[PDB]
Ligand SMILES: Nc1ncnc2c1ncn2[C@@H]1O[C@H](COP(=O)(O)OP(=O)(O)O)[C@@H](O)[C@H]1O
Ligand SMILES: Nc1ncnc2c1ncn2[C@@H]1O[C@H](COP(=O)(O)OP(=O)(O)O)[C@@H](O)[C@H]1O
Ligand SMILES: Nc1ncnc2c1ncn2[C@@H]1O[C@H](COP(=O)(O)OP(=O)(O)O)[C@@H](O)[C@H]1O
Ligand SMILES: [Mg+2]
Ligand SMILES: [Mg+2]
Ligand SMILES: [Mg+2]
């Protein structure tokens, strides 16, 4: 009867899991699987062949860390099963065979990904029901709006979804394979100019922490670079795990600049502002005014200081001066997809949109293409 | 059924033998073989052609003493057989053909040494099983830790082995051919400045006793030398076997100083502190903090008064001030390798890691390279 | 008027210097500085405090040899000045204050290295002009091509640079800190298995000579090891300076194997073949076919017998069977960087790309960042 | 006359049938029943005629035929087997505490004393008076019973052609971890509370004792008083027993001194002081250490070093290594446990020497052993208990299978080899040397950084594929073992803390050089007798192996005492309680082993309407049985035919019932 649904926002970098109706995810941990890369010499020490989540980062210095998801696509289907098993049993401490599960996926992913998630849910974990949602719709659900264009940016992909009065325009949906992971790689590359070498996968986590703590978005790039070159007031220090101290200057704002200039990492694509403007201009002329004032930002990559100010400046430069530009960046936008999924999964009217086990048995794994979206 | 294993820690200078499960070695005696060098004139006196162990030191004044092991490598394979036979029969009073034997070896020795020990154990003494262990791992076993870097120093070699959570990093293993025997030779050399001449191998033992009883490590070398030169309060007397009394001053701390300045004996290598720091810096950046606080010292050469204080001072000078440096020097570190071997050989899970006689018969003496380490 | 330019390819291990327009370097000598480590007892013998180049290897047995460059970064700035002074005056017998100088550097080095080289050239040696080039571009210049991916490997670093029709793709540039020096260290480590101990810096040169003369690359590692273990036809002898003869077997091909399996020396990086394939796959889909057939190998570490065959085999295994794989390994690839630099410095159109003394005086040492690359 | 005595003769033996027959017997005030040669006794909580000389002469010898079941039948059967085989025999009285094993043992002792010697009854008087001492030193209050024996009493009555010689009492499988650790709502052994309650005041002032709530070794349960027990009266009765047993005032004073020393040693705490390279435990207050030293006549500094230091002693030197807080705690607990064990052994040795026999040619052994234990919270002690019970169930199943084979051979049939799956896999799962659970526990007790979680992970890894071993779904700190009595879940919470029982040579040397004679004698004897047993589990396994090795030179006889109701109501019975007791006592193992016997006449007279209309053959035999057999088209390999009995009924019974109901469906 009272079977609480499970909301699992398995992103490329973080797993956000919890119960429907809650205000925050119950379990948040990195989506990594680690394996030992050294020689075990003590008897009985070395009987574990895999580490998932936070225990993979506690043992970070002897493991090889691998991500099962790149750019929103699950490429390793055994590590993904390990991560899902960890989430269901060790983290949520719940039995999946008695809870409906709600999962999320990027708008323009291959269909085999969704079919394989459906098969794994219905055959390995024996869930009673299933649904796969689109992350931007859940961002709107969490934002308390029915009209707006969502710029979601995790660390796999960046996509734009314009929605008006609950109606989506699929032809105006954008997608970029440029997100937090590429920012971490670019910061790792440009940290070599000061003589800092981060090579292994365990140092990728240190570089990611540096990026989260120190990096920010400059309102204007050229004068910021001139100020950084003409003085030393923009430099900050960071302490490495072994006690060494590093210092970074213009690398603080040069790393997030690749979101607006993808040419830094050798991509021909346009910036996030131009992508958003292009997505808006692909909609009806009667929809554009409402979309201009409902720019909803979601994801962890949108958490840089000053990113909303620059997005508003760029859109104002692009859009006509008559329109009013608003960038909605709630302080909890890092969990907006999960919050929206929790809101949606707790609705009583939503109970008729689940993919039940009987429907799967009847129609194969392809039922998810007509039941979802 | 209940066949107790034998632990034999045959070092370069001392043999430490006993039964697995005990708290201390049963037999400890010098690893020397002596032969007469004078003329026997009494009928019936002089029928013994060799003396092994303590009986070789009782007759020290008519014998030529030779060590079968230099720098952890067995160079005389008949004297080594004599010593092993003595250990098994006259000291432990046990029959080797019904007890598994555990032996130790330095980390970076030639492979022929290990193969020859395996062949001698399986063909001359007919042991039912065999294992060859690494001394630093046994030091960690005795210390009750799974993470730490071990500085073992007997009188053949000095080596560093960093281990984290039971995983060894073989690329960071160091080795020095500078240990107690070189210290004895250097003390013998610098004792000639006061007119004391020790030439024969029997006087090497007297010099070794002097080094064990009087030598110590100075916290700082230059001010210690200044104090020793400006006064006479650091001088101590020693009584020779025939009653003559010798006095030594700055030679008390100049002898152990060659551990930190190998240039005194004409070596280009770095001190033990710099070797330990270099071994630490060859590990992962996430391992260094735990290793800095788990510096385990083992062996007889680490028994000098004040050696741990100077090691901590030198590592603190080298390592960043943020880290916390701890030098673990248990009072029983002279027997830590044997204690760890005894702990390891008594485990029930270890019974599957022995090299049985059948495996040797199948695979030749080269089985020890894949079964051990 | 007719001021001939100087090309100085100062690598981590060798200095390759000469005049622009020549077909071969005029001066080739090791990049070492030696200092006495023993006691001078004869009056007048011991008045020299430093030895640079070949004279540092003639006196190898009384000196401490140090390299001013590790992994392509100058760490000792006084020894580097000594080496440059030696090159300019004692080797080339030329006055640097009247010849433009062309220098080389690894693609992803710290900027302080380049700025300091510029400052030293313009303030200590008073050169009239300067340029800093990238070694892979010079390798292509020497190879007579405008399209291709270059695998340069000296003894400091290994890097990949893909270039198409004279256009470089900086985002696809790879770098490894694994090269000839690490191979020498690994060979020194694995030579202890047969009982050969090389410790001092003077024995590092002997080990390097052994590696150059005897080591080779096996087409396949496992069957080569099986053949070496099952017979003794792969063993060769080497004569040490004092007459002792050493013999090595599988160490001949186990040493260069760390280029394809960096895990032997405890690195998590991928082999050179996988690094090259990854660099190719980071380029445009329309560039890959031309790059697959223009794999240019440069440097001294690429001089092992059979390295090109194995590189082709590995790339063929990785790349699709439709493409055609060609490995270009000219017999003079040890000097390809210098040959390309000589070709480039002699061009008449290149005379406008020098960094003149006036530009340096105007813009400080930071002019090299915008004038070069 | 509706009930039956022996259920072996029944044609269909099922759990429901056994329960129905047992409750029918109990409702008629018939307590004892028979399973072959195995007796079953239900505690009635009411005085019943289980005595009287007329019963003895009625059961005297083989003149009765065992038509009525009684313990005297077990006694005279053991006597007859001894006189036939000229060999010893043992009778094993198992069952839960309070199920009636104690008075069963006393009645057996009285019956043997009455029927063997019948001229002198001094042996039974001398062995009965030692019972209160053992009960006080070996029982404790648990969460299931108010007086439970935590050990196995082994009474051996020596006989010489009907002449009762001296008796030897032995103890086995004593719980060592209860002396220092008690769970919620349970106490330590009764002796400590009796001593603290009924001691004279000036003795308490001399020993500086206080109320039981202050002591750490007793207050862990939180309920130091039993509602319905008088400690002073029992303590005075114990004094009377010691006075009868020849224990002088000096011996009693020494025993009280030892117990007070244990109690005071239980109240020592340690602090984490900072040393140059480690953390070192130091005693908080030296008052308790000095009190223990004064009570035991040992050096105070020697005791403090034996508690807070570790000695590595070779021929040429002796090194003192400081211990941690946990290591010091383990050392103190090990000292307390060894002191208590030595004291109990000394008491039993003195009692045996008081009634020492002369010759050793024949003997009757009586074992009063506790049974299966399945509580709510389940831990190491019950794991050892269930391991011992599994090893006893092995012999029980061996006896049952021997009786089954004897039944098969006695009937005029070609005796086949009957399949039988013993409980060896469970014993191997618990205590096999390579990767047994107890072996893993022993290994983790010396491993550098082992805790309960690591031990659980090792157990899960090594036994994940065992059918008997089961893992919890969620990561709970527990595991499940499928015993013969069902699935039992063990909570791993202090397995490593309860297993550390290592006492080093320095402590033994300190205690040998005491100024009192009894303690010095005990520790000298212990050192002379002492071994690679450094843990509680290893010593328990050694003691159990000794007990088993004492028990293969004889054919055991089993007495299974049950419980009809947990409220001790004399007459009230429940079916679920009977099912639980039958599962725990191992009675249903006989039913499991059986899988099936029917007389030839029964089914001929019953199923005659399945093939023909009414086939009333006048001449019965094996030929008509075979005719009705292959007229039904049934393979001969799934059944067997003899004279009348041993007609195997694996699956033919179900199909025969189905055909019978199908035939009767029309009419
Ligand atoms: N405060 C922050 N500043 C900058 N980047 C951040 C911050 N917090 C998270 N990130 C980046 O966002 C990415 C994770 O965001 P998330 O939305 O959880 O990704 P996904 O949904 O794909 O798992 C990581 O690469 C992380 O480095
Ligand atoms: N108290 C001490 N002070 C200084 N040196 C000592 C002391 N005890 C032993 N040694 C030295 O340590 C060496 C022996 O140590 P040990 O660890 O037994 O060597 P090995 O293991 O190689 O046999 C001898 O050279 C001895 O002189
Ligand atoms: N024939 C050879 N076989 C193997 N290795 C070689 C050979 N010749 C040179 N090397 C190695 O290549 C390295 C020097 O190559 P080079 O390209 O001159 O380095 P760099 O440019 O960094 O000075 C040295 O370590 C040397 O041992
Ligand atoms: Mg996301
Ligand atoms: Mg040693
Ligand atoms: Mg080069």
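One is the number of the first residue shown, and numbering goes on along the chain from there.
Note that Cβ sites are derived from N, Cα and C of the backbone, with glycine treated the same way.
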Residue from A:71, A:159, A:369 to which Swiss-Prot assigns tele-methylhistidine: A:71
Cβ atoms near residue A:82 (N6-methyllysine) (within 10 Å, other residues, all chains): 16
Rounded Cα-Cα span from residue A:42 (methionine (R)-sulfoxide) to residue A:82 (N6-methyllysine), Å: 26
C-alpha spacing of residue A:71 (tele-methylhistidine) relative to residue A:42 (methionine (R)-sulfoxide), in angstrom: 39
Residue A:45 (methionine (R)-sulfoxide) CB neighbourhood, other CB atoms within 10 A: 18
Those residues of the chain, 6+ apart, with a Cβ under 8 Å from that of residue A:71 (tele-methylhistidine): A:12, A:156, A:157, A:177, A:179
Residues among the modified residues A:42, A:45, A:71, A:82 that border ligand 4 - Cβ under 6 angstroms, in sequence order: none
Subset of modified residues A:42, A:45, A:71, A:82 within reach of chain B (CB-CB under 8 A): A:42, A:45
